[PDB]
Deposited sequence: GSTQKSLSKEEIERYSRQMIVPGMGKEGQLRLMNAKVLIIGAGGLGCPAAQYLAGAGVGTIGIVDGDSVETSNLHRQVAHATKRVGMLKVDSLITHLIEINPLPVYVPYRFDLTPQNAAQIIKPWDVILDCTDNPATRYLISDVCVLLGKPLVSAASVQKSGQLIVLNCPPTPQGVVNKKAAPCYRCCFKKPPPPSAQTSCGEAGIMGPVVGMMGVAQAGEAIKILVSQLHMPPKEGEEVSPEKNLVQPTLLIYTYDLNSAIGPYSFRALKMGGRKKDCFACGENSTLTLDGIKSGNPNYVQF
């Protein structure tokens, strides 16, 4: 699955328009096709992210969700259909992804992600996208990504706005603080309109593609630092504010620069006591926020 060294005749035609982009090419396309991307959440954030990773040809796409399609969510979950109401979101979404592009392998997880199964779900994947829109789950996914060394693309709905940030990319082992390292979600922190959540989801796919094509999740050359222009060690917190009574303004998008890994972070900092065994056993406890 990750061993492709050639493109078939159908793949050349299907991906011809995007391979010609500078910085993509054949090497860029094979990196997508040999990649494994996990999408946690098949709703407003997960549907647009999945659609554009499917069209682009990511070779393996996992989707985690245990909920069902509902009529009142179609205005924002546009990958679903009215006739698929009552069906599992993961199955309804993959039905549309297969329509877009049947060449990738789609791996459904037909159940909720929890502290007891997070590590099992996340471990096999190269890049993690948090599309849960659940604050408690966000901390769980960040923690597990730190412990299993995974880059995390996390987005959320908050008030009348959306958010996006790339975390732990390139991943750095827990507790290492004698070098520049990317932050985790804890390092940074402590009714929704369709276009808002849709824009963050599309942005999430754009970032996952960036990481895989340019190998932004790979370490730098020995003794070399990660270029600050890559916006990885100190990532940007993107905040898009959407107000129904005001057309797009000069600061509807805010790009807040984040700090690097904190030395005293509960999860990734020095002397961290967070462990995979603890998470499984309820330590820490992810209280509903």
Missing C-alpha runs, given along the deposited sequence, first residue counted as 1: 191 to 204
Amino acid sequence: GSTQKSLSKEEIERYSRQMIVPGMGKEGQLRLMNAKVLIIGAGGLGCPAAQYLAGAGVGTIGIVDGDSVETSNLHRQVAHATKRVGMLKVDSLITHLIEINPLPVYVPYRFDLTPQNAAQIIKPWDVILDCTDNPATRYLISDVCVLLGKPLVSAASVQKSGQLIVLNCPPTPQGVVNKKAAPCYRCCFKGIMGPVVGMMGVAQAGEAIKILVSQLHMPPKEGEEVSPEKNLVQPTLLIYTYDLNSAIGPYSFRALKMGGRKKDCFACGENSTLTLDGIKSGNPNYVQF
From here on, numbers count along this sequence of modelled residues.
214 to 222 versus 162 to 170 - greater average Cα B-factor per the deposited record: 214 to 222
Residue range whose averaged C-alpha B-factor is higher in the record, 241 to 249 or 54 to 62: 241 to 249
C-alpha B-factor winner, where the candidates are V144, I192, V202, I100: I192
Top residue by Cα temperature factor, when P48, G28, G260, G41 are compared in the entry: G260
Ranked C-alpha temperature factor of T71 among modelled chain residues, by third: highest
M33 - Cα temperature factor, lowest/middle/highest third of chain: lowest
CA B-factor ranking of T132, expressed as a third of its chain: lowest
Chain-relative CA temperature factor third for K180: highest
CA B-factor placement of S227, once the chain's modelled residues are sorted into thirds: highest
